[PDB]
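# Observations on the three-dimensional arrangement
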Amino acid sequence: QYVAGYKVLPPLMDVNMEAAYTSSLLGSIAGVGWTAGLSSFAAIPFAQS
Amino acid sequence: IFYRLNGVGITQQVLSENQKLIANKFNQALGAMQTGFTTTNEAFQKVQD
């Protein structure tokens, strides 16, 4: 990919950050899905969700 | 607007007592984008594109 005369751009996020994003999503799925409306947060433990 | 705000999960008490401030907020929100028609707006950029 170097000798043939092109390049591959790095992604917009580091791996490390993509991850956070998924950690935040995993923390929020247990809470958002309890009542309609994104304004509040209700992060109940997963079993009761 | 009052019925929709009741429907999106806001109680009728605060709507019944605070019409003036939410009216001012709505008017300011509508008036803000009137002068915002420039390069900073993404939809304006998409229209130009």
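Residues numbered from 1 in each chain as written, not as in the entry; some residues may be left out. Chains lettered and ligands numbered in written order. Part of a larger assembly, values for the part shown. Heavy atoms only, no water.

Listed as the method for this PDB entry is cryo-EM; the listed resolution is 4.1 Å.

## Some points on the overall build of chain B
So the rule is basically this: Note on conventions: DSSP H or I runs of at least 4 residues are helices, E runs of at least 2 residues are strands, and numbering of each starts at the N terminus. Partly exposed describes any residue whose relative accessible area lies between the buried limit of under 20% and the exposed limit of over 50%, with all areas from a 1.4 Å probe on protein chains only and scaled to the type maximum. Only the protein chains shown count as cover for residues, with accessible areas throughout obtained via the Shrake-Rupley method and a probe of 1.4 Å.
Looking only at helices and strands, chain B features four helices and zero strands. Ordered by position from N to C terminus, the α and β elements of chain B give α-α-α-α. Expressed along its principal axes, the backbone C-alpha trace of chain B runs to roughly 45 × 20 × 10 Å. Sorting the 49 residues of chain B into buried and exposed places 4% on the buried side. By element, 57% of the accessible surface of chain B is carried by carbon and sulfur atoms, the whole surface being about 4500 Å².

## A word on the packing of aromatic side chains
Residue and element names in this part refer to chain B. For the record, the criterion: We call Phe, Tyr and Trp rings a pair once their centres come within 6.5 Å, taking the six-membered ring for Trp, and we label the pair stacked below 30 degrees between planes, edge-to-face above 60, and tilted otherwise.
In this structure the tally under the stated criterion is one aromatic pair over all chains. Geometrically, the ring pair formed by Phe 37 and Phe 44 is tilted, given 5.8 Å between the ring centres and 40° between the ring planes. Judged by relative accessible area, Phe 37 falls into the exposed class, the value being 51%. With a relative accessible area of 33%, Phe 44 lands in the partly exposed category.

## Let's talk about helix α1 (residues 15–32) of chain A
For the record, the criterion: To estimate the expected span of a helix, count its residues, drop one, and scale the result by 1.5 Å.
The terminal C-alpha atoms of α1 of chain A, which comprises 18 residues, lie 25 Å apart, in line with the 26 Å expected from a rise of 1.5 Å per residue. Taken together, the buried positions of α1 of chain A are occupied by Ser 28, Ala 30 and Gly 31 of chain A.

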